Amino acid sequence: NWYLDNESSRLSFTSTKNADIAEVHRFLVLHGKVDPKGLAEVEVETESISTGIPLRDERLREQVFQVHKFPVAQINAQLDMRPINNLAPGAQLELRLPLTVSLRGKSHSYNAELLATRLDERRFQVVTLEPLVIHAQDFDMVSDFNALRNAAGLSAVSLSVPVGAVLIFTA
C-alpha cells in the first residue's frame, strides 16, 4: 500500500579511509513498499552506487557489491501500524526498530533509530534519527574491503559503514 518515492528520498553512507578521510556516498535508485499489515521492504539497486569517482563506483560494483550476481540489496522490517496510522499530519513518532539487511544473500539484524512523520493524507516520511552502523564482517566482506584498500593504495578502509536515510512513501 505505501510505495517509496525515489525522487524525494535519499539513502547515503559514510566510508572512512586512510584513518581520517571520511566521505559520504549514496545510491541513486531505491524502491520500497509497506503493506497494511506493516511488512516493510526497501530494495536498493546496488548498481546505482554513486561515490563521486566513476572508476571507484565500478570497482565497488564488481568486487564488493558483485552486481552481476546481486543487483538488489534488501532491507526488511515489521512495523506496528497502529501508532503510525494514528499520527496526525505534521506529527512525529520515534521508532527504535529491529530490522534485517540482506546484501549478497547474506542477512544480518540491526536495531534502527527512526523518526516517522506523517506529511499529509497520503504521504509519510521516515528518517534515520541516528545513522545505522553496519560492518563488513556481517556480510562476509572483510576480504573484499581489504582488497580495495590495497589495489587502490590506501592505509586502510574502515570496516564499519554508517548508513543514513530519508525515505518518502506515498499511499
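Numbers for residues come from their place in the sequence shown, where the first is 1.
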{"query": "126-134 versus 33-41 - which carries the larger mean C-alpha B factor in the record", "finding": "33-41"}
{"query": "Which of 44-52 and 140-148 has higher mean CA B factor, as the PDB entry lists it", "finding": "140-148"}
{"query": "Top Cα B factor in the deposited entry, candidates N18, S15, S12, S9", "finding": "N18"}
{"query": "Largest Cα B-factor, entry values, listed residues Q63, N111, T117, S107", "finding": "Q63"}
{"query": "Third assignment of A165 from its chain's C-alpha B-factors", "finding": "lowest"}
{"query": "Chain-wide C-alpha B factor ranking for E58, given as lowest, middle or highest third", "finding": "middle"}
{"query": "Third of chain Cα B-factors occupied by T100", "finding": "middle"}
{"query": "For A22, the third of its chain into which the C-alpha B factor falls", "finding": "middle"}
{"query": "Position of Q92 among the chain's modelled residues by C-alpha B-factor, lowest, middle or highest third", "finding": "lowest"}
